[PDB]
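Chemist: Pasting a structure below so you can have a look.
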Amino acid sequence: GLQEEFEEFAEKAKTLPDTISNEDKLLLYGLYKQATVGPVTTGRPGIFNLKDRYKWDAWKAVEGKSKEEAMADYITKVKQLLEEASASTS
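Convert by adding 1 to the 1-based position in the sequence shown; the result is the number in PDB author numbering.
Written out as structure tokens, the structure is:
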């Protein structure tokens, strides 16, 4: 149930508007990696690989969440973004 719903809102996240904040994109990435891989064990990327360094930092920030806890928070975050975009369009 939880895993099948997490996969469902992973597809829904692909149809999210690009106007969402960079912070929300980093939140969703960190939650997605934390739910599927778990806490990050890769070394931090290089000081000039900034695109991967911010993705790593966002993943590092949610290292305390369990895999199922991260699945539920990821679903919740995608839900909040879908219903907020629906309240902004006609």
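Where a beta carbon is used, it is the ideal one built from N, C-alpha and C, also for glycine.
Helix, strand or coil for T77 per DSSP?
Modeler: Counted from its first residue, the sequence shown places residue 77 at position 76. In this structure, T77 counts as helix in the three-state DSSP scheme.
Chemist: Please tell me whether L27 and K56 are closer than 8 angstroms, where the distance is taken between their beta carbons.
Modeler: Within the sequence shown, residue 27 is the residue found at index 26, counting from 1. Within the sequence shown, residue 56 is the residue found at index 55, counting from 1. Yes. Within cutoff.
Chemist: Note down the Cα distance separating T42 from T20, rounded to an integer number of angstroms.
Modeler: Looking up residue 42 in the sequence shown gives position 41. Looking up residue 20 in the sequence shown gives position 19. Computed Cα separation, rounded: 31 angstroms.
Chemist: For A14, I'd like the list of residues in its chain whose CB is within less than 7 angstroms of its CB, leaving aside the five on either flank, ordered along the chain.
Modeler: For the purposes of this step, residue 14 is taken as residue 13 along the sequence shown, with counting starting at 1. The answer, listed in chain order, is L29, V79.
Chemist: Within a Cβ cutoff of 7 angstroms, which residues of the same chain sit near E6, ignoring the five residues on either side of it in sequence?
Modeler: Locating residue 6 in the sequence shown gives position 5, where the first residue counts as 1. For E6, where only same-chain residues beyond five positions count, the Cβ hits under 7 angstroms are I76.
Chemist: Whole-angstrom Cβ separation of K68 and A36, contact assumed at under 8 angstroms?
Modeler: For the purposes of this step, residue 68 is taken as residue 67 along the sequence shown, with counting starting at 1. For the purposes of this step, residue 36 is taken as residue 35 along the sequence shown, with counting starting at 1. At roughly 6 angstroms, the Cβ-Cβ gap stays under 8 angstroms, so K68 and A36 are in contact.
Chemist: With DSSP run on the structure shown, which of helix, strand or coil describes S87?
Modeler: What you label residue 87 is simply residue 86 of the sequence shown in a count that begins at 1. Helix, per DSSP.
Chemist: For residue 99 and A59, I'd like the C-alpha separation in whole angstroms.
Modeler: Because the chain in this structure spans residues 2 to 91, residue 99 falls outside the shown range and cannot be described.
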